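Quick mapping for you: the protein sequence lines, in order, are chains P and E. Per UniProt numbering, numbering through the first sequence is continuous, rising by one, with the last residue being 258. Per UniProt numbering, numbering through the second sequence is continuous, rising by one, with the last residue being 258. We put the CB at the ideal spot given by N, CA and C, even for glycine.
There are 2 protein chains.
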Amino acid sequence: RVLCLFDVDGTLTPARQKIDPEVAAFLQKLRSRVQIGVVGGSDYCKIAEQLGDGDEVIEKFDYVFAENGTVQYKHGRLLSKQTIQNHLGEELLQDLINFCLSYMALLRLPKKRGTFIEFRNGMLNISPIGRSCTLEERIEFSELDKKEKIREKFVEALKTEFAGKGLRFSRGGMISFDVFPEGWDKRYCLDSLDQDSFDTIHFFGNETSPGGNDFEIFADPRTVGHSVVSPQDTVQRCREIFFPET
Amino acid sequence: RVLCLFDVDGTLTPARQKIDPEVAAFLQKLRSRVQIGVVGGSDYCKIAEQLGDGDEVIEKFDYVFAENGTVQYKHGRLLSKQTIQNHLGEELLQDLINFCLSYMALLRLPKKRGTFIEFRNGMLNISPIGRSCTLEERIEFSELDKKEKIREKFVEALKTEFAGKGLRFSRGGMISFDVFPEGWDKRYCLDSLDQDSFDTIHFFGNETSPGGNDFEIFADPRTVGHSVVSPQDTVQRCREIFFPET
Ligand SMILES: O=P(O)(O)O[C@H]1O[C@H](CO)[C@@H](O)[C@H](O)[C@@H]1O
Ligand SMILES: O=P(O)(O)O[C@H]1O[C@H](CO)[C@@H](O)[C@H](O)[C@@H]1O
Ligand SMILES: [Mg+2]
Ligand SMILES: [Mg+2]
Ligand SMILES: [Mg+2]
Ligand SMILES: [Mg+2]
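Written out as structure tokens, the structure is:
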């Protein structure tokens, strides 16, 4: 009983884009020997869009872990969600929210819009410009952010304010950063997988160095870790391990 | 060339619910004598959901004005949008946004979530709890709000701060209030309609008294105004005016 578990962006697909039909075809071939799963920081809709038409993703993969595994489809079935408010408690969560509102009230940007704080399943996403900006506005903010280190300074202030309180931050996006509970990196999905009797869980990712969003799940003793540089590399690695004779 | 223009909630449908098939059938009958249109403060998706399946609404009505007419479908065709930032300018808009962020940072509630500021086409929607709350959380906030007058006090502070700057406020919702430019009440749709050569525009609404969201469009010299108390009343009124012989 083996599971191959894959990061999505840069591991199975070009970052944030549709999977190559050849890679998709190989994954289904691999599926004749092992179970296959994906884990990504993006939401289900995004991952679904990258990995097939409609909701095909939950049929094509045995596991679909969205938002680092806080959202789980297991053999086509959506499991219940643990909420961030349940984990953090309402007081810490609101302390965080109000600190962010207060900080952003004092930031002056070329443009602001709406959805400065997006309450997701696995994180709070914080966007100084607001998520409802256009593409050109998005690019404008990104360029300013590089010059003024707006998100970086905001994250420094947050880390210090909440020191010791179990919060983690990532600047994965362009107009935002994510705030998530400690352990709600990709390792989150491993606790559910622990219960599914796999002899071996192979994890493949393209950000397996320190600071990368695959590091923790890669390095976790529950996984056999594989560092890849592209979807073609991932396929080669899988052929080598699971189709040695071929 | 006559247009009948209808508010949606409480005028054609029970508030925020699907239209009665009998009322829907009458509107299509009325359409044999006049053009028919709807104008609502809700977004297109909501109005579409109330008035048919899928996008049937834009086929069933000659005009669909969503968000008070800042979003317009004319004979099945979506017209271009004028944006709030274009109208207000980026400086006033950000002054507004930062005042709201600052104010809300200091509010302590039982629960907070996300989407405190929703940037729509025709307004900014401001929600102290956050739009991404659950139904029970929504009811919890509503009950607290009645006790503490949270939205009312927030709106007082905003009106005073932006006195003379052309902003209007409404507490139409339960967990939020809307901020919109002066004249972006339902009258907004009348400027486009002015260009469409109607001899007469009859407007029907159920909130036509001062303070009601139909008052301005009702009282506008460009419309023949009709006050109704229900969709059955609206139908009766229409039969009386446009099918006098029947
Ligand atoms: O700020 P950006 O560039 O839109 O990226 C953020 O939001 C994306 C969409 O929800 C996420 O997919 C990203 O992971 C990130 O949380
Ligand atoms: O705060 P509430 O109760 O969700 O209502 C507000 O949002 C609704 C949905 O966008 C709108 O339909 C309402 O008109 C209002 O702007
Ligand atoms: Mg990756
Ligand atoms: Mg490992
Ligand atoms: Mg009404
Ligand atoms: Mg009038």
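Margin query: Quick check on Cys201/P: buried or exposed, where buried means 16 or more other Cβ atoms within 10 Å of its Cβ?
Written below: buried
Distance, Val236/E Cα to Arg13/E Cα
14 Å
Quiz item: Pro33/E to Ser54/E, Cα distance in whole Å?
Solution: 21 Å
TODO: Report all residues from its chain with a CB closer than 8 Å to the CB of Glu148/E; omit the five preceding and five following residues, and keep chain order.
DONE: none
My guess is that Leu136/E and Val191/E are in contact by the Cβ rule of under 8 Å, so how many angstroms apart are they, rounded? 5 Å
**Message:** Once the 5 residues before and after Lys30/E are set aside, which same chain residues still bring their CB inside 7 Å of it?
**Reply:** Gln62
Buried/exposed call for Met116/E, threshold 16 Cβ in 10 Å:
buried
Residue 5/E: which of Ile253/E, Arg183/E and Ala175/E sits nearest, CA to CA?
In this structure chain E extends from 13 to 258, so residue 5/E is not present and cannot be described.
- Message: Could you check if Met186/P belongs to the surroundings of ligand 1, using beta carbon to heavy atom distance under 7 Å?
- Response: yes
- Counting only beta-carbon atoms, is residue 9/E nearer than 8 Å to chain P? Because chain E in this structure spans residues 13 to 258, residue 9/E falls outside the shown range and cannot be described.
Next on the checklist: Quick check on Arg150/P - is its C-beta less than 8 Å from some C-beta in chain E?
Outcome noted: no
Tell me, please, which residues DSSP counts as bridged to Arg125/P. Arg125/P is not bridged to any residue.
Review point. Is the distance from the Cβ of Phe38/P to the Cβ of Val167/P below 8 Å?
Key: no
Fill in: Proximal residues of chain P, C-beta to C-beta of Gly126/E below 7 Å
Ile129, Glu130, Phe131 and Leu136
What's the call for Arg89/P, buried or exposed, on a 16-neighbour Cβ count within 10 Å? exposed
Whole-angstrom distance between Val51/E and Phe18/E, CA atom to CA atom: 6 Å
**Asked** So, is the C-beta of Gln244/E closer than 8 Å to a C-beta in chain P?
**Response** no
query: Are any of the Cβ atoms in chain E nearer than 8 Å to that of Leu104/P?
result: no
inquiry  = Less than 8 Å between CB atoms is the rule here; does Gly142/P satisfy it with respect to chain E?
reply    = yes
**Q.** Residues near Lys72/P by beta carbon distance below 6 Å, same chain, minus five either side
**A.** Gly64
Item to complete: Kindly say whether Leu113/P, judged by its beta-carbon, lies nearer than 8 Å to any beta-carbon of chain B.
Response: Considering every chain present, this structure includes no chain B. Its protein chains are P and E.
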